[PDB]
Structure formats: structure tokens, C-alpha cells
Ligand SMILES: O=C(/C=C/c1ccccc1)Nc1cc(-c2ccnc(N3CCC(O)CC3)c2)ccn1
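There is one chain below, alone, in C-alpha cells, taken in the form solved without the named molecule.
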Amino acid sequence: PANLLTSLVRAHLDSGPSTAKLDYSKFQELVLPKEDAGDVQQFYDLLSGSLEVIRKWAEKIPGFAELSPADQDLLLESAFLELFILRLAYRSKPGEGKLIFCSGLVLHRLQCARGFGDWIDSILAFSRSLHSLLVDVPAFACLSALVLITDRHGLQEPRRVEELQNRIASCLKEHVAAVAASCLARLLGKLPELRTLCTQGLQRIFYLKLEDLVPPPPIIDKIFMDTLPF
């Protein structure tokens, strides 16, 4: 609460690199002057890097393993892209065009751009906007959880998901009051912006599957296919 807040913080901090574990060996500060196979493979590799991490993070959210197994899977699948983006935006340093991935790998915008396409600029724009809110770690630990624990079509126990959402929203509300209510509304406003960004992700994967230089890994492909409402 209390403990909830602390459990949520501990789960967030254990899901990402220590500042000490950052890896700059591939980082190129000046990128020399048409997407190829290596760019597409890296795109899928970067996305796949978060899969196990977000799963283990979710499992540490109190209540989440008390949802039905099918609702756990559906929540994770539906939120994956949004969670990948939000955590990336928050971890990264958009004033330097530095992307920081959950493995600790650091890359410059231009080293990713051909894989991600335009979407990476949209993600950096959202990241600079996220950074201007100066969201502290506890608030972010709640927000990220709220991205995951939210209503989706096909949940078996939507009310229990709603109750867990309420608990976390309450936790966040109280925390924001303690530290400092339009801040709260500003924070919460990032959730719909994130969805709209997730859409450009689905557009980029669609384009890549069309192009078919390298196919998406099975797990990313499944998320894509299951998250299509047609």
C-alpha cells in the first residue's frame, strides 16, 4: 500500500539493468550514412528481449498470479507492446537519442531506425514527453502495472481485473498526494497516448510481415495475430 507500493517498486527495479550493468560496446555516437535483413532481425531481437522480463515482472505484481491463467496470458499478450514502449521510453534518454533496452544494451536512434521505421521517432517523442512529467519511480511502478492490469475483450473474470486495477490506482493516487490531482490526471493521460503508439507498432509489424525479409519469431507473431480484432 504501503506494502503494495513497495512490492510494485521492487518488481519494477528488478526488471531492468542496474546503471552499472549498462552496455555501451555497440553504441555508436555518430552513425555513418533501405532496411535490410539485419535491421529486421535486430528489431525482432529487441522486442523478444523484453518477453521473459515482462512476464517475470508481472508475476511479482501482488494479485496478478491470482488471476486465472488464461487472463494472465491475455493481459500479458495484449499489453506487451505498450509495456515494451513505456519502459523503453522511461529508461531511455531522448535528449541524446539514446535507447536503453532491458538487457542494458545502449543504442543510438539511428542504429535502430531502419528496423523500427518512423515509429522510433514517435517513441522518442513520447519519451521526451514522459520525461517532462518527472514521473518518480513509485508512480511509474504503478502506471506500468495499470497498463497491464486493465480491461480487455475475452477476460474470464473482468471484475477481478477491475478490482486489482482499483487497488493499484488507489495506491498511485495516495502516493501522488503524499509526495506533492491534475498531476494524477496528467500521469493517467499517458495511458491512451501509449495505446495509440502501440498501434504504430502493429503497423510496423504488419509492414514487415508483408515485406518478409525475415519472419517474426513465433511469440511476437502470435501477439500480433491475437491482438488483431479482425
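When you see a residue number, it is the position in the sequence shown, counting from 1.
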query	finding
Deposited residues omitted from coordinates between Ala180 and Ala181, as a class	4 to 9
Residues of the deposited sequence that sit between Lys34 and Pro33 yet are not modelled	1 to 3
Higher-B stretch (mean Cα B-factor, as the entry records it), 75 to 83 or 133 to 141	133 to 141
Between the two ranges 185 to 193 and 39 to 47, the one averaging a larger CA B factor in the entry	185 to 193
Within-chain third of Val176 by Cα B-factor, per the entry	highest
Where the record places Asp221 (Cα B-factor, split into thirds across the chain)	lowest
Third assignment of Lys209 from its chain's C-alpha B-factors	lowest
Where the record places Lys21 (Cα B-factor, split into thirds across the chain)	highest
Assigned third (lowest, middle, highest) for the C-alpha B factor of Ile120	middle
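One more form of this protein should be noted, the form deposited with the named molecule bound, which is absent from this view; the next part is about it.
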item: Proximity of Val137 to the named molecule in the deposited complex, heavy atoms at 4.5 Å; value: yes
item: Contact flag, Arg114 vs the named molecule in the deposited complex, heavy atom cut 4.5 Å; value: no
item: Contact label in the deposited complex: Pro17 to the named molecule, heavy atom within 4.5 Å; value: yes
item: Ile120: touches the named molecule in the deposited complex, heavy atom cutoff 4.5 angstroms; value: no
item: Residues of stretch 82 to 104 in contact with the named molecule in the deposited complex (4.5 Å, non-hydrogen atom); value: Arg87, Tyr90, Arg91, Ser92, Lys93, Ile100
